[PDB]
């Protein structure tokens, strides 16, 4: 069910050395920067980005870096990453790439300065892939009247690793296909298991290699030492991105980083505390049942201690919304291993249903457990729409519904600023 190579969504932008696979993401901690990324296929080209605000109309130049990689017998084109800095808040910018030969122009709008009541609408997309289902989900997202301003992407991007030798051409197609969204609004990247691409049989033993060359993240801005875990702040939200497939034992870099990062969160500046990871800690579907248990034993108690509002994950190709529950009272021999209602705990949402390679996960463990509020095996996407420091509205849209139809929706009451039972 993967879209054929000649699909319209995979068309090559015309013109000699025209930039393609253009994508942007936040480039700093607070929203004044953007990483601009693209690929040129005919020759290295310039890594310069020309950009200007609509407000001041002053054309500026930022210089970046070009890189290449190989994977088995695949050789990449020329990958460009350029960080535009010192941007004004809440301002429309135009930017151009391909300054030496064929120039292409895009735009984005910077977020407002971080603050207590700053509204912002986040899209939720996971396990996207490049099937016709993937295209429908992307269409529904961009047609949504809630108007997403940034996608929180919970992992499993291209599924290129399903192809012979992970045929990395399917990374190039995915980049051309997603450009119509991510060239104009940031996607916040989480690494999933299809990004691991550990393939010792063809001597590719470096985890996350193609993904890490193609998708950069501002990980140094939160004093992380690795691209696979990091934080950003945007509007009223503090977003923590974790790596299900990296080390998280006590004392490891990721564990150390997260422990310190949670102490740095200021709910008086960013009231909405959001965690992204690929593998869900709470999941009542058959597929990947209990894979999240290892990270849960390490980090669940911290999520409760710090009153995380919501944890988004993918991996399971379906939709699930938990109750606020915790399973943190276990001590090996005390028998306390059943999740209980816990209003201090986040809501766990699985949103890995954007299409993958066309397969939905319909097998559910029955009956629906007490910890699960709502689950359905349909393709779709989410929207987390912050109104102010106390209220955020989450909605789930199905591909088989109208683009303005929400099959599930719930009001989030903030755990720090308004801890009322939002059951």
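Take the two forms, superpose them, and find the largest set of C-alpha atoms that agree within 1.5 Å; that set is the rigid core. Residue numbers count along the first chain shown, from 1.
K.L.:
C-alpha RMS from this form in 7 other deposited structures of this protein, rigid core superposed: larger for 51 to 59 or 354 to 362?
P.N.:
It is 51 to 59 whose C-alphas lie farther from the shown form in 7 other deposited structures of this protein.
K.L.:
Would 341 to 349 or 242 to 250 have the larger average of its C-alpha temperature factors, as given in the entry?
P.N.:
Of 242 to 250 and 341 to 349, the stretch with the higher C-alpha B-factor average is 341 to 349.
K.L.:
Once you work out the mean C-alpha B-factor for both 23 to 31 and 42 to 50 from the entry, which is higher?
P.N.:
Taking the mean B-factor of the alpha carbons in each, 42 to 50 is higher.
K.L.:
So if I compare the CA B-factors in the entry for 140, 266, 324, 321, which one is the largest?
P.N.:
Answer, based on the entry's C-alpha B-factors: 266.
K.L.:
Going by what the PDB entry lists, where does residue 168 fall on CA B-factor within its chain: lowest, middle or highest third?
P.N.:
According to the entry, residue 168 has a C-alpha B-factor in the chain's lowest third.
K.L.:
Please say which third, lowest, middle or highest, residue 362 falls into when its CA temperature factor is compared across its chain.
P.N.:
Tercile = highest for this residue's CA B-factor.
K.L.:
Classify residue 191 as lowest, middle or highest third according to the C-alpha B-factor given in the PDB entry, relative to its own chain.
P.N.:
Within its chain, residue 191 is a lowest-third residue by C-alpha B-factor, going by the deposited values.
K.L.:
Grab the CA temperature factor for residue 296 from the record and place it in the lowest, middle or highest third of its chain.
P.N.:
It falls in the bottom third of the chain.
K.L.:
So where's residue 371 on the chain's Cα temperature factor ranking, which third?
P.N.:
As the PDB entry reports it, the C-alpha B-factor of residue 371 lands in the highest third of its chain.
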